[PDB]
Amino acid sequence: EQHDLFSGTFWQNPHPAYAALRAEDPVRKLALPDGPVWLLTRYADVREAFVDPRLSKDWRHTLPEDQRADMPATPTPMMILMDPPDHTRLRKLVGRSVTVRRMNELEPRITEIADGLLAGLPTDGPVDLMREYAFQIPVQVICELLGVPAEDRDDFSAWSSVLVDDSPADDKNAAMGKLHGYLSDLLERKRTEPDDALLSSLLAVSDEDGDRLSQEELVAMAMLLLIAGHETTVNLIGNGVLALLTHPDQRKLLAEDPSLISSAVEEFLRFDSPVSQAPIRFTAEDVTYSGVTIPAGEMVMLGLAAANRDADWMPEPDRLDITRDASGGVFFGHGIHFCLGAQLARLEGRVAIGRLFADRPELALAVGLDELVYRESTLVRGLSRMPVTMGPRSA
């Protein structure tokens, strides 16, 4: 029987729609508002697709060859929108800065941010755990990462939380512009007053040939990190928290053994992937997956949330099991575009989710599951609000 796709019942719980697709319709054209897209839902296909060089990040493949004689490769100089060789250079340059130790140095501050939020939350409801906890953490973390001055945090938080869908892309189009101007100004200041944070680190990146990020490249990279790192992490927190609130057995296991948190975070990423579909790829030529040919010039979405529950990859994929091993999940992508922030996202997930459940052992949903309202956003598995009762702080 025909499950709604990206409409009606899908938004509250897409997983049965995904399971029916994997089984009976694994390469499926679906009509979306701005354009039709092809959806690949099987694990092996999604994984193959991520390394398929015929699947490009360049939108100009939607144009006939003689009509590309006008258009730029990219709307903004953003690495995620590029193929090699241009991607390879930008990835190389940002990877000089985004280091293992840099990500870890942030851990005490992530803990601080999370503890401060938890302390200001009331015991008796209702509280929206999204607006009040989940929404707040990742941008304050990005602020720490980048070296946004403390005076500017609240302002920067205001402007970026606009990007996380509230009103139409008119004042968001202007929020982008203000963020762009602000960061461009900041990069200026960092050049003469260097510090230990990411923006000044990126400015000085100078490879073996003298190559470096241009002023425009720097600003687009900064904006990318913000956009890639905010909403995604927010929904990791929300979805991971929900997973524990809806599985008392798994929450018990975490409570008894807090060190399971790292394993739990991988399992929440698998079980209810916050980036539900990868950003759109474009067919540079015809491709065939599961006997279905997608013609050249089409838009293709890799179903990460579907692939992560594919029984041909993970046995008992509909069971939540925090002791399980993550190995092979596609929630952070695969191949050349693999999430640049995956270590930080994982760190923020474990801190945010682990400290929450430590501080509030009696945390509970304040509505039924059938009353939860999900964002209607193609690429996102994200709660718009999560009503909860926090309960007493642990002694």
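The first residue of the sequence shown is number 1, and the count goes up from there.
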Going by the entry, of stretches 294 to 302 and 71 to 79 the one with greater average Cα B-factor is 71 to 79
Should the higher mean CA B-factor in the entry be assigned to 149 to 157 or to 270 to 278?
149 to 157
Please work out which residue in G181, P317, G95, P84 has the highest C-alpha B-factor recorded for this crystal structure.
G181
Peak C-alpha temperature factor (PDB record), options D171, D310, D286, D321
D171
Temperature factor at the Cα of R60, chain-ranked in thirds, falls in the highest
Mind checking which third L225 falls in for C-alpha B-factor across the chain?
lowest
Lowest, middle or highest third of the chain for the C-alpha temperature factor of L254?
middle
What third of its chain's C-alpha B-factors does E217 belong to: lowest, middle or highest?
middle
Thinking about Cα B factors across the chain, which third does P33 belong to?
highest
